[PDB]
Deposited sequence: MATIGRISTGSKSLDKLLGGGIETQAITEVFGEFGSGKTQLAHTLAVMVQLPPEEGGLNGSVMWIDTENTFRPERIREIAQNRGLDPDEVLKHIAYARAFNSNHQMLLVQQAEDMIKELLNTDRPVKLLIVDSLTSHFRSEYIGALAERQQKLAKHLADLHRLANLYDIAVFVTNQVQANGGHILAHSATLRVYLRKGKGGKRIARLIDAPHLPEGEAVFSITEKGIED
């Protein structure tokens, strides 16, 4: 398949990304608590449902939530201010809460079943969100870094296999603050560092210029 792109909702961020996040890729956004990673996830879950002329892929979404941070009412607001019907947008987001890291890993295998079901339809899965990818692994493997890296490596390999095999954009969030971080090392296809700037602006930089945007009723925008 050709590489598809999903607009982030921000012209600035899209330019930094060469058009948007890519299918057949894992995009990892990392930054401190409150930097806007989950807002970017919510916005992408709407943007992907637009036609290509508007930066989407007419796609369905699967969302794995590890922190109970998915907000349907926020999806509705973004959809309504992106010219879409909010009920339709929500009906094309499959949502699951991961209870722990082992359940999170099983959910990725379950996602493949729905990906296959929708593959030949007019609304194939085009976006798989894992928010937060690392939170359960970090809390469960305190004092056991070697084992944590083994399990994370398999989880990321599963996510890669889905991105490439089914032409999906995988978007993952990772909280990294004071003294923290192996990030995801070199595992993602693309690492985006997100931070707060003056006056509520958010600033994005590729790790391995900078885009600037705001969080608004449209999700994010310049």
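**Student:** Need the unmodelled segments of the deposited chain, numbered from 1, in order.
**Tutor:** Those stretches are 1, 210 to 215, listed in order.
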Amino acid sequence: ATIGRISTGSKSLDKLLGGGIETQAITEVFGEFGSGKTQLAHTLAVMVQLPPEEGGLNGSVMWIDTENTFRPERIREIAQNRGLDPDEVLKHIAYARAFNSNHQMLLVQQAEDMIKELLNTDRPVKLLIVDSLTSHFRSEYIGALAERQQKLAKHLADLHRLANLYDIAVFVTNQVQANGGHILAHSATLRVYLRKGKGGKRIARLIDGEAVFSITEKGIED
From here on, numbers count along this sequence of modelled residues.
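Take the two forms, find the largest set of C-alpha atoms that superpose within 1.5 Å, and that set is the rigid core.
**Student:** Please work out whether 176 to 184 or 149 to 157 has the higher root mean square C-alpha deviation in 8 other deposited structures of this protein relative to the shown form, with the rigid core as fitting region?
**Tutor:** Result of the core-fitted comparison in 8 other deposited structures of this protein: 176 to 184 deviates more.
**Student:** Comparing average C-alpha B factors as deposited, tell me which of 53 to 61 and 150 to 158 sits higher.
**Tutor:** Between 53 to 61 and 150 to 158, it is 150 to 158.
**Student:** Quick one: say whether 98 to 106 or 134 to 142 has the higher mean Cα B-factor in the deposited entry.
**Tutor:** So the stretch with the higher mean C-alpha B-factor is 134 to 142.
**Student:** In terms of CA temperature factor as recorded, identify the highest of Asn164, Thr189, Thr173, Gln39.
**Tutor:** When the deposited C-alpha B-factors of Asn164, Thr189, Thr173, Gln39 are compared, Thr189 is largest.
**Student:** Can you tell me which of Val48, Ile26, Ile183, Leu194 has the highest Cα temperature factor in the record?
**Tutor:** Going by the entry's C-alpha B-factors, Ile183 comes out highest.
**Student:** Would you please rank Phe70 by its C-alpha temperature factor against the other modelled residues of its chain and give the third it falls in: lowest, middle or highest?
**Tutor:** According to the entry, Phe70 has a C-alpha B-factor in the chain's middle third.
**Student:** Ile93's Cα B-factor: lowest, middle or highest third of the chain?
**Tutor:** Tercile = lowest for this residue's CA B-factor.
**Student:** Split the chain's modelled residues into thirds by Cα B-factor; is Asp208 in the lowest, middle or highest one?
**Tutor:** Tercile = highest for this residue's CA B-factor.
**Student:** Which third of the chain holds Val125 when residues are ordered by C-alpha B factor: lowest, middle or highest?
**Tutor:** Its C-alpha B-factor belongs to the lowest third of this chain's values.
**Student:** For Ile115, return the chain-relative third of its C-alpha B-factor as stated in the PDB record: lowest, middle or highest.
**Tutor:** According to the entry, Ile115 has a C-alpha B-factor in the chain's middle third.
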